[PDB]
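See structure below.
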Amino acid sequence: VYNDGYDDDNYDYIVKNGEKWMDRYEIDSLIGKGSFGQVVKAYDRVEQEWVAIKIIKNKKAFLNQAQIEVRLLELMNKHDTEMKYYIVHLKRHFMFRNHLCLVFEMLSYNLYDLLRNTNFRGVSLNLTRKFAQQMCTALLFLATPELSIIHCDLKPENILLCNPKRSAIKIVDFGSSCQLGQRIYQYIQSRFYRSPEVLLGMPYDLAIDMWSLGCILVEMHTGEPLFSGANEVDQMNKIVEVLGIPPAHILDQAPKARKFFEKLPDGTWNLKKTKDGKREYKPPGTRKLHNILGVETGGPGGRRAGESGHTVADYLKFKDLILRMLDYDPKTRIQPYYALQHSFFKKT
Ligand SMILES: Brc1cnc2[nH]nnc2c1
Ligand SMILES: Brc1cnc2[nH]nnc2c1
Ligand SMILES: [Cl-]
Ligand SMILES: [Cl-]
Ligand SMILES: [Cl-]
């Protein structure tokens, strides 16, 4: 009784392996899932190649958001004719059985799959550097004035390997992306990767992606999310454990500062007071990235002790870049052009 029997109760297309669409696509299987709908692997008979097909939910709000996604993908792909800025390619789109379907090149698995494959030991610092450099080049591309595109949902799951053994990547899922000055949501980004200005209800720009990236890079090396909040209050407190209380010039303009913080008569800010007898977080800024990363103790959890490509100097450079990506102030947070110039990327 949903979509004349083609949909489940959650607006998704009921995927059947081997179904052929439009005398062109043979549906192999489901390969991904999301809030947007589903992704399937299919073979395009006409072009005689494998593709991934993202099936948007048969639901107006989701259709209308995916129309924005289509426009940003076609816009990016036309400024990336050489396909060298690490953004997935929208081959074409169509309506089928009342689902917007977007056809992409077939890609390998994502960076989360890669971490899980190491049993969350984390990938090497050399491989992290390759990912960071590609990622920064991609954000530089997004920042070109004709695009000014904010991805808004960078996470390990939305960065895909081109090929499962090689290190080339592409960013996918511009399903919540917007352009500078075309911002339409306040609840954005995945929580672990969510920036302070978004937690604070403040206006945001492309710099929220660089925040997400700094979280991602740490997690790729340690194996675990840097700020693993269960809800927004716990997310902001986890950030404060590592970075301290946010500067007053930020909190004074934050419409949601009172959700997490409290201003004292002298105008300084602290965390909201907790119920008497309840200790739950480390005191502000005492959980140091220096120790999260194991800079002088053999890498995260000491697991890198004795390996090449993991020197103390290597780690200090890494930490510095990460901390610059995690600047509380969006206006001084490091920007893609300067991140590429960081000493973490030199040499070899
Ligand atoms: Br290829 C590919 C795979 N997964 C995606 N999610 N959103 N866009 C995507 C493109
Ligand atoms: Br803020 C901040 C957080 N963690 C650190 N580790 N080493 N220096 C640091 C500065
Ligand atoms: Cl999702
Ligand atoms: Cl290596
Ligand atoms: Cl924690």
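Just so we're on the same page: first chain in the structure tokens is A, next is B, and so on; residues restart at 1 for each chain, and ligands are numbered from 1 in the order they show up.
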
If you count only C-alpha atoms, which residues fall within 8 Å of residue 69 (chain A), apart from same-chain ones fewer than 4 positions away, as a PDB file with N, CA, C and O atoms, in the first residue's frame?
```pdb
ATOM      1  N   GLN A  65      15.676  18.080  -1.399  1.00  0.00           N
ATOM      2  CA  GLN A  65      17.059  18.273  -0.987  1.00  0.00           C
ATOM      3  C   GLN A  65      18.016  17.664  -2.004  1.00  0.00           C
ATOM      4  O   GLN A  65      19.050  18.254  -2.309  1.00  0.00           O
ATOM      5  N   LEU A  73      26.462  18.906  -7.655  1.00  0.00           N
ATOM      6  CA  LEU A  73      27.348  17.928  -8.281  1.00  0.00           C
ATOM      7  C   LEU A  73      27.630  18.316  -9.724  1.00  0.00           C
ATOM      8  O   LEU A  73      28.784  18.334 -10.155  1.00  0.00           O
ATOM      9  N   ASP A 173      28.240  12.194  -1.428  1.00  0.00           N
ATOM     10  CA  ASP A 173      27.099  12.576  -0.591  1.00  0.00           C
ATOM     11  C   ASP A 173      27.093  14.070  -0.275  1.00  0.00           C
ATOM     12  O   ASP A 173      27.195  14.498   0.868  1.00  0.00           O
ATOM     13  N   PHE A 174      26.862  14.844  -1.319  1.00  0.00           N
ATOM     14  CA  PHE A 174      26.624  16.267  -1.162  1.00  0.00           C
ATOM     15  C   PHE A 174      25.154  16.506  -0.843  1.00  0.00           C
ATOM     16  O   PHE A 174      24.622  17.593  -1.087  1.00  0.00           O
ATOM     17  N   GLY A 175      24.495  15.510  -0.249  1.00  0.00           N
ATOM     18  CA  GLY A 175      23.089  15.602   0.073  1.00  0.00           C
ATOM     19  C   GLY A 175      22.729  16.618   1.143  1.00  0.00           C
ATOM     20  O   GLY A 175      21.543  16.920   1.323  1.00  0.00           O
ATOM     21  N   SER A 176      23.679  17.174   1.856  1.00  0.00           N
ATOM     22  CA  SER A 176      23.233  18.247   2.731  1.00  0.00           C
ATOM     23  C   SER A 176      24.037  19.508   2.474  1.00  0.00           C
ATOM     24  O   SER A 176      23.982  20.450   3.274  1.00  0.00           O
ATOM     25  N   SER A 177      24.735  19.541   1.334  1.00  0.00           N
ATOM     26  CA  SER A 177      25.630  20.631   0.999  1.00  0.00           C
ATOM     27  C   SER A 177      24.839  21.877   0.620  1.00  0.00           C
ATOM     28  O   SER A 177      23.676  21.811   0.214  1.00  0.00           O
TER      29      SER A 177
END
```

In region 1-214 of chain A, DSSP alpha helix (DSSP H) residues written as a ChimeraX atom specification: /A:60-78,111-117,125-142,196-199,207-214

Could the residues of chain A that have an atom at most 10 Å from ligand 1 be listed as CSV, each with its closest atom pair and the distance in Å to one decimal, counting only C-alpha atoms and all ligand atoms and ordered by chain and ascending residue number?
```
residue,atom,partner,partner_atom_place_in_ligand_line,distance
A:31,CA,ligand 1,4 (N),8.4
A:32,CA,ligand 1,4 (N),6.8
A:33,CA,ligand 1,6 (N),8.2
A:34,CA,ligand 1,6 (N),7.9
A:36,CA,ligand 1,7 (N),8.4
A:37,CA,ligand 1,6 (N),9.2
A:38,CA,ligand 1,6 (N),8.2
A:39,CA,ligand 1,4 (N),6.2
A:40,CA,ligand 1,3 (C),8.6
A:41,CA,ligand 1,1 (Br),9.1
A:51,CA,ligand 1,1 (Br),7.5
A:52,CA,ligand 1,1 (Br),5.4
A:53,CA,ligand 1,2 (C),7.5
A:54,CA,ligand 1,9 (C),6.4
A:55,CA,ligand 1,7 (N),9.5
A:56,CA,ligand 1,7 (N),9.8
A:66,CA,ligand 1,7 (N),9.9
A:69,CA,ligand 1,8 (N),9.1
A:73,CA,ligand 1,8 (N),9.7
A:87,CA,ligand 1,10 (C),9.5
A:88,CA,ligand 1,1 (Br),6.4
A:89,CA,ligand 1,1 (Br),7.7
A:90,CA,ligand 1,10 (C),8.0
A:102,CA,ligand 1,8 (N),8.2
A:103,CA,ligand 1,1 (Br),7.9
A:104,CA,ligand 1,1 (Br),4.9
A:105,CA,ligand 1,1 (Br),5.5
A:106,CA,ligand 1,1 (Br),5.3
A:107,CA,ligand 1,1 (Br),5.1
A:108,CA,ligand 1,1 (Br),8.1
A:109,CA,ligand 1,3 (C),8.7
A:110,CA,ligand 1,4 (N),8.8
A:157,CA,ligand 1,4 (N),8.7
A:158,CA,ligand 1,6 (N),6.8
A:159,CA,ligand 1,4 (N),8.9
A:160,CA,ligand 1,3 (C),7.6
A:161,CA,ligand 1,1 (Br),9.9
A:162,CA,ligand 1,1 (Br),9.3
A:170,CA,ligand 1,1 (Br),8.5
A:171,CA,ligand 1,10 (C),8.0
A:172,CA,ligand 1,8 (N),4.4
A:173,CA,ligand 1,7 (N),3.2
A:174,CA,ligand 1,8 (N),6.6
A:175,CA,ligand 1,7 (N),6.8
```

Export of the given selection (C-alpha atoms) as a tab-separated table (two decimals), in the first residue's frame:
```
chain	number	residue	atom	x	y	z
A	31	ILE	CA	25.69	-1.45	-1.22
A	32	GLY	CA	24.87	1.47	1.02
A	33	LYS	CA	22.23	3.08	3.15
A	34	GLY	CA	21.57	6.48	4.65
A	36	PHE	CA	18.63	9.98	2.11
A	37	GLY	CA	17.65	6.59	0.79
A	38	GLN	CA	19.77	3.80	-0.61
A	39	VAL	CA	22.74	3.14	-2.89
A	40	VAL	CA	22.86	0.12	-5.20
A	41	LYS	CA	25.46	-1.42	-7.45
A	51	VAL	CA	27.81	2.17	-11.68
A	52	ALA	CA	26.40	3.04	-8.29
A	53	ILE	CA	22.82	4.34	-8.21
A	54	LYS	CA	21.68	6.45	-5.25
A	55	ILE	CA	17.89	5.99	-4.84
A	56	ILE	CA	16.45	8.99	-3.00
A	66	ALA	CA	18.52	15.85	-3.54
A	69	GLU	CA	22.62	17.93	-4.44
A	73	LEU	CA	27.35	17.93	-8.28
A	87	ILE	CA	34.81	14.92	-5.99
A	88	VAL	CA	32.59	12.05	-7.14
A	89	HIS	CA	31.16	12.33	-10.69
A	90	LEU	CA	27.39	12.46	-11.27
A	102	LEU	CA	21.51	9.60	-9.28
A	103	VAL	CA	24.02	7.56	-11.26
A	104	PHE	CA	27.66	7.68	-10.14
A	105	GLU	CA	30.83	5.96	-11.12
A	106	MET	CA	31.33	2.76	-9.15
A	107	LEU	CA	33.57	3.36	-6.14
A	108	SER	CA	35.34	1.16	-3.60
A	109	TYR	CA	34.62	1.18	0.13
A	110	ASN	CA	34.79	4.16	2.48
A	157	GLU	CA	31.79	7.11	5.55
A	158	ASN	CA	31.58	9.87	2.90
A	159	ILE	CA	35.17	9.58	1.76
A	160	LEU	CA	35.54	6.64	-0.62
A	161	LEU	CA	38.56	4.81	-1.97
A	162	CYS	CA	38.77	4.63	-5.76
A	170	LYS	CA	36.71	10.80	-3.66
A	171	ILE	CA	34.20	12.71	-1.52
A	172	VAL	CA	30.56	11.63	-1.92
A	173	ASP	CA	27.10	12.58	-0.59
A	174	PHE	CA	26.62	16.27	-1.16
A	175	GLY	CA	23.09	15.60	0.07
```

Residue neighbourhood residue 239 (chain A), 10 Å, only C-alpha atoms, exclusion window fewer than 4 positions, as a VMD selection string: chain A and resid 192 195 to 196 226 to 229 234 to 235 243 to 246 284 to 285 287 326

Write out the residues from the selection above, keeping N, CA and C atoms, as a PDB file, in the first residue's frame.
```pdb
ATOM      1  N   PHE A 192      29.668  13.738  15.631  1.00  0.00           N
ATOM      2  CA  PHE A 192      31.071  13.642  16.029  1.00  0.00           C
ATOM      3  C   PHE A 192      31.918  14.670  15.299  1.00  0.00           C
ATOM      4  N   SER A 195      30.901  21.157  14.109  1.00  0.00           N
ATOM      5  CA  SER A 195      31.761  22.250  14.515  1.00  0.00           C
ATOM      6  C   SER A 195      31.165  23.062  15.655  1.00  0.00           C
ATOM      7  N   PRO A 196      32.010  23.767  16.406  1.00  0.00           N
ATOM      8  CA  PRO A 196      31.480  24.592  17.504  1.00  0.00           C
ATOM      9  C   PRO A 196      30.452  25.592  17.056  1.00  0.00           C
ATOM     10  N   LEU A 226      37.444  11.461  17.703  1.00  0.00           N
ATOM     11  CA  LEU A 226      38.121  12.332  18.648  1.00  0.00           C
ATOM     12  C   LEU A 226      37.143  12.876  19.682  1.00  0.00           C
ATOM     13  N   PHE A 227      35.940  13.242  19.240  1.00  0.00           N
ATOM     14  CA  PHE A 227      34.881  13.813  20.078  1.00  0.00           C
ATOM     15  C   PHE A 227      33.650  12.962  19.849  1.00  0.00           C
ATOM     16  N   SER A 228      33.425  11.978  20.701  1.00  0.00           N
ATOM     17  CA  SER A 228      32.341  11.019  20.463  1.00  0.00           C
ATOM     18  C   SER A 228      31.095  11.339  21.293  1.00  0.00           C
ATOM     19  N   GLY A 229      30.501  12.498  21.054  1.00  0.00           N
ATOM     20  CA  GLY A 229      29.363  12.905  21.865  1.00  0.00           C
ATOM     21  C   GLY A 229      28.124  12.081  21.574  1.00  0.00           C
ATOM     22  N   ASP A 234      26.818  16.584  25.284  1.00  0.00           N
ATOM     23  CA  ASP A 234      27.984  15.749  25.555  1.00  0.00           C
ATOM     24  C   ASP A 234      29.065  16.001  24.508  1.00  0.00           C
ATOM     25  N   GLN A 235      28.638  16.339  23.293  1.00  0.00           N
ATOM     26  CA  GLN A 235      29.568  16.687  22.236  1.00  0.00           C
ATOM     27  C   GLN A 235      30.332  17.962  22.583  1.00  0.00           C
ATOM     28  N   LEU A 243      40.098  21.174  24.118  1.00  0.00           N
ATOM     29  CA  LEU A 243      40.434  22.497  23.622  1.00  0.00           C
ATOM     30  C   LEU A 243      40.171  23.623  24.609  1.00  0.00           C
ATOM     31  N   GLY A 244      39.484  23.373  25.737  1.00  0.00           N
ATOM     32  CA  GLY A 244      39.281  24.428  26.700  1.00  0.00           C
ATOM     33  C   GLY A 244      37.934  25.073  26.533  1.00  0.00           C
ATOM     34  N   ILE A 245      37.686  26.066  27.334  1.00  0.00           N
ATOM     35  CA  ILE A 245      36.428  26.775  27.130  1.00  0.00           C
ATOM     36  C   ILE A 245      36.572  27.622  25.874  1.00  0.00           C
ATOM     37  N   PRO A 246      35.554  27.727  25.026  1.00  0.00           N
ATOM     38  CA  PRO A 246      35.678  28.585  23.856  1.00  0.00           C
ATOM     39  C   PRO A 246      35.894  30.028  24.268  1.00  0.00           C
ATOM     40  N   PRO A 284      38.458  21.443  31.877  1.00  0.00           N
ATOM     41  CA  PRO A 284      38.635  22.021  30.530  1.00  0.00           C
ATOM     42  C   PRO A 284      40.083  22.029  30.062  1.00  0.00           C
ATOM     43  N   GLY A 285      40.311  21.457  28.878  1.00  0.00           N
ATOM     44  CA  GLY A 285      41.601  21.546  28.218  1.00  0.00           C
ATOM     45  C   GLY A 285      42.691  20.661  28.779  1.00  0.00           C
ATOM     46  N   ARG A 287      42.575  17.182  28.600  1.00  0.00           N
ATOM     47  CA  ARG A 287      42.756  15.992  27.764  1.00  0.00           C
ATOM     48  C   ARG A 287      43.532  16.410  26.512  1.00  0.00           C
ATOM     49  N   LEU A 326      41.406  22.894  14.179  1.00  0.00           N
ATOM     50  CA  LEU A 326      40.412  22.865  15.248  1.00  0.00           C
ATOM     51  C   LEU A 326      40.359  24.168  16.035  1.00  0.00           C
TER      52      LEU A 326
END
```

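Across the structure, CA of residue 247 (chain A) and CA of residue 268 (chain A) are spaced 8.8 Å apart.
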
CA of residue 47 (chain A) to CA of residue 15 (chain A), distance in Å rounded to a single decimal: 22.1 Å

Residue contacts of residue 299 (chain A) (12 Å, only C-alpha atoms) excluding same-chain residues fewer than 5 positions away, as a ChimeraX atom specification: /A:121-125,218,221-223,289-294,304-316,318-319

Two-atom distance - CA of residue 199 (chain A), CA of residue 130 (chain A) (Å):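 It comes out at 29.4 Å.
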
Strand (DSSP E) residues, from DSSP on the backbone, in region 57-279 of chain A, as a PyMOL selection string: chain A and resi 90-96+99-105+149-150+159-161+169-171+178-179+261-263+269-271

Restrict the selected residues to N, CA, C and O atoms and save them as a tab-separated table (two decimals), in the first residue's frame.
```
chain	number	residue	atom	x	y	z
A	90	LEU	N	28.78	12.77	-10.93
A	90	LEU	CA	27.39	12.46	-11.27
A	90	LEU	C	27.28	12.23	-12.79
A	90	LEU	O	27.32	13.18	-13.57
A	91	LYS	N	27.13	10.96	-13.21
A	91	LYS	CA	27.03	10.68	-14.65
A	91	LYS	C	25.71	11.17	-15.22
A	91	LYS	O	25.68	11.78	-16.29
A	92	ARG	N	24.60	10.91	-14.53
A	92	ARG	CA	23.30	11.40	-14.96
A	92	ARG	C	22.32	11.03	-13.86
A	92	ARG	O	22.65	10.27	-12.95
A	93	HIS	N	21.10	11.56	-13.97
A	93	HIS	CA	20.04	11.30	-13.02
A	93	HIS	C	18.72	11.07	-13.77
A	93	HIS	O	18.53	11.54	-14.89
A	94	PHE	N	17.81	10.33	-13.13
A	94	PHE	CA	16.49	10.08	-13.70
A	94	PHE	C	15.49	9.81	-12.58
A	94	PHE	O	15.87	9.51	-11.44
A	95	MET	N	14.21	9.95	-12.93
A	95	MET	CA	13.08	9.57	-12.09
A	95	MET	C	12.67	8.16	-12.47
A	95	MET	O	12.40	7.89	-13.64
A	96	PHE	N	12.61	7.25	-11.50
A	96	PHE	CA	12.09	5.92	-11.78
A	96	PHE	C	11.22	5.50	-10.62
A	96	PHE	O	11.66	5.53	-9.47
A	99	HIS	N	11.12	7.71	-7.63
A	99	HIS	CA	12.36	7.95	-6.89
A	99	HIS	C	13.32	8.69	-7.81
A	99	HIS	O	13.64	8.20	-8.90
A	100	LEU	N	13.82	9.84	-7.37
A	100	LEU	CA	15.00	10.41	-7.99
A	100	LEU	C	16.18	9.46	-7.80
A	100	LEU	O	16.52	9.08	-6.66
A	101	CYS	N	16.83	9.10	-8.90
A	101	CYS	CA	17.98	8.21	-8.91
A	101	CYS	C	19.17	8.94	-9.51
A	101	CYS	O	19.07	9.50	-10.61
A	102	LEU	N	20.30	8.94	-8.80
A	102	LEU	CA	21.51	9.60	-9.28
A	102	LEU	C	22.55	8.55	-9.59
A	102	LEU	O	22.85	7.70	-8.74
A	103	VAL	N	23.12	8.60	-10.78
A	103	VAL	CA	24.02	7.56	-11.26
A	103	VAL	C	25.45	8.06	-11.16
A	103	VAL	O	25.80	9.07	-11.77
A	104	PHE	N	26.26	7.35	-10.38
A	104	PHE	CA	27.66	7.68	-10.14
A	104	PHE	C	28.56	6.60	-10.71
A	104	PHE	O	28.15	5.45	-10.91
A	105	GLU	N	29.80	6.97	-10.96
A	105	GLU	CA	30.83	5.96	-11.12
A	105	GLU	C	30.83	5.01	-9.92
A	105	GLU	O	30.48	5.38	-8.79
A	149	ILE	N	31.20	26.05	-2.03
A	149	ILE	CA	30.33	24.96	-1.63
A	149	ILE	C	30.76	24.47	-0.25
A	149	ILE	O	31.95	24.21	-0.02
A	150	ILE	N	29.81	24.36	0.67
A	150	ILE	CA	30.03	23.77	1.99
A	150	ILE	C	29.48	22.36	1.94
A	150	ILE	O	28.27	22.19	1.75
A	159	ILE	N	33.95	9.52	2.53
A	159	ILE	CA	35.17	9.58	1.76
A	159	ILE	C	35.45	8.17	1.28
A	159	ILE	O	35.65	7.28	2.11
A	160	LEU	N	35.45	7.97	-0.03
A	160	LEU	CA	35.54	6.64	-0.62
A	160	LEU	C	36.90	6.42	-1.26
A	160	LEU	O	37.49	7.34	-1.82
A	161	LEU	N	37.40	5.20	-1.18
A	161	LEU	CA	38.56	4.81	-1.97
A	161	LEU	C	38.14	4.56	-3.41
A	161	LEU	O	37.09	3.97	-3.66
A	169	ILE	N	41.22	8.93	-3.21
A	169	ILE	CA	39.89	9.03	-2.63
A	169	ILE	C	38.99	9.95	-3.45
A	169	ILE	O	39.44	10.74	-4.26
A	170	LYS	N	37.69	9.84	-3.19
A	170	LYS	CA	36.71	10.80	-3.66
A	170	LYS	C	35.69	11.05	-2.56
A	170	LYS	O	35.30	10.13	-1.83
A	171	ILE	N	35.26	12.30	-2.44
A	171	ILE	CA	34.20	12.71	-1.52
A	171	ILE	C	32.83	12.44	-2.15
A	171	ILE	O	32.61	12.77	-3.32
A	178	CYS	N	25.47	23.03	0.81
A	178	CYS	CA	24.88	24.29	0.40
A	178	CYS	C	26.00	25.19	-0.11
A	178	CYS	O	27.18	24.84	-0.03
A	179	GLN	N	25.64	26.33	-0.68
A	179	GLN	CA	26.64	27.30	-1.09
A	179	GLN	C	26.66	28.43	-0.08
A	179	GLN	O	25.68	28.69	0.60
A	261	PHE	N	27.03	26.66	28.50
A	261	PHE	CA	27.97	27.53	29.17
A	261	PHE	C	27.21	28.50	30.05
A	261	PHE	O	25.98	28.58	30.00
A	262	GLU	N	27.97	29.24	30.86
A	262	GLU	CA	27.38	30.21	31.78
A	262	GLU	C	28.33	31.38	31.89
A	262	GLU	O	29.53	31.18	32.09
A	263	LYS	N	27.81	32.60	31.79
A	263	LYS	CA	28.64	33.79	31.86
A	263	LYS	C	28.64	34.32	33.28
A	263	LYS	O	27.58	34.44	33.89
A	269	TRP	N	33.42	33.04	30.93
A	269	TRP	CA	32.46	31.96	30.76
A	269	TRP	C	33.01	30.68	31.36
A	269	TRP	O	34.22	30.44	31.34
A	270	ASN	N	32.09	29.84	31.84
A	270	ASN	CA	32.41	28.47	32.22
A	270	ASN	C	31.31	27.55	31.73
A	270	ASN	O	30.25	27.99	31.28
A	271	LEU	N	31.57	26.24	31.82
A	271	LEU	CA	30.55	25.21	31.67
A	271	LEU	C	29.40	25.47	32.62
A	271	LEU	O	29.60	25.96	33.73
```

Contact residues around residue 6 (chain A) with only C-alpha atoms at 12 Å, ignoring same-chain residues under 3 positions, as a PyMOL selection string: chain A and resi 1-3+9-16+57-58+96-99

Distance query region 254-256 of chain A at most 7 Å, only C-alpha atoms, self and fewer than 6 positions along chain excluded, as an MDAnalysis selection string: chainID A and resid 200:202

Can you spit out the residues from that selection as a PDB file, in the first residue's frame, using N, CA, C and O atoms?
```pdb
ATOM      1  N   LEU A 200      26.832  25.925  18.460  1.00  0.00           N
ATOM      2  CA  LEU A 200      26.440  27.153  19.100  1.00  0.00           C
ATOM      3  C   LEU A 200      25.333  27.861  18.389  1.00  0.00           C
ATOM      4  O   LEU A 200      24.974  28.964  18.817  1.00  0.00           O
ATOM      5  N   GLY A 201      24.742  27.270  17.345  1.00  0.00           N
ATOM      6  CA  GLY A 201      23.681  27.983  16.633  1.00  0.00           C
ATOM      7  C   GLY A 201      24.153  29.229  15.907  1.00  0.00           C
ATOM      8  O   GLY A 201      23.353  30.124  15.654  1.00  0.00           O
ATOM      9  N   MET A 202      25.451  29.332  15.577  1.00  0.00           N
ATOM     10  CA  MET A 202      25.944  30.565  14.969  1.00  0.00           C
ATOM     11  C   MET A 202      25.911  30.434  13.454  1.00  0.00           C
ATOM     12  O   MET A 202      25.859  29.324  12.928  1.00  0.00           O
TER      13      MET A 202
END
```

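Shortest atom-to-atom contact with residue 273 (chain A) among A:260, A:152, A:320, A:136: A:260, counting only C-alpha atoms.
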
Selection: 12 Å around residue 206 (chain A), only C-alpha atoms, excl. self and same-chain fewer than 5 positions, as a VMD selection string: chain A and resid 139 to 145 147 to 154 177 to 183 195 197 to 198 211 to 213 330 to 331 333 to 336
